[PDB]
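Q: Would you be able to build a 3D model of this:
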Amino acid sequence: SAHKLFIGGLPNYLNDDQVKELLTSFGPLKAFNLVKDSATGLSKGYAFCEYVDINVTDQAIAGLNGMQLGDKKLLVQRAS
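A: Numbers count the residues shown, from 1 in each chain. Take a look at the structure below.
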């Protein structure tokens, strides 16, 4: 859907609350998950989210795509 994003490249030590805080700085979320290895529990650095508002979605992909977080760079797209 047009409100949904697929994010990769997050530093693997960031937790759900920290990733969620970065995302909600753009506007409110209606869904979120941070992808984890089922056996180790460690983050894979991917996240999926859905914003309430389409305009926020558009600004979030523009703002997050290419964002540098230390030695990592986010790659973000709409979740077609």
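Q: Packing partners of the helix ranked longest in the chain?
A: As assigned by DSSP state H, the longest helix anywhere in the chain is helix 54-64. The elements that helix 54-64 packs onto, with contact taken as 3 or more CB pairs under 8 Å, 6 or more residues apart in numbering; DSSP states H and E, are strand 4-8, helix 16-24, strand 75-78. In this view, the C-beta of every residue, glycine as well, is placed from N, C-alpha and C.
Q: Now tell me what touches that helix from outside.
A: Defining contact as CB atoms under 8 Å, 6 or more residues apart in numbering, one finds that helix 54-64 is touched by 2-5, 7, 22-23, 26-28, 51, 74, 76-78.
Q: 7 Å instead, please
A: Around helix 54-64, the neighbours that count as contacts under CB atoms under 7 Å, 6 or more residues apart in numbering are 2-3, 5, 7, 23, 26-27, 51, 74, 76-78.
Q: Grab the two from these that are most spread out in space.
A: The most widely separated members of the contacts of helix 54-64 are 2 and 74, with 19.7 Å between them, by CB to CB.
Q: Between these two, tell me which one has more neighbours.
A: For residue 2 and residue 74, the more surrounded residue by other CB atoms under 10 Å is residue 74, and the numbers stand at 19 against 11.
Q: which residues does residue 25 contact?
A: Here residue 25 is in contact with no residue (CB under 7 Å, 6+ apart).
Q: cool, residue 47 as well?
A: Taking CB under 7 Å, 6+ apart, we find residue 47 in contact with 7, 10, 19, 33-35.
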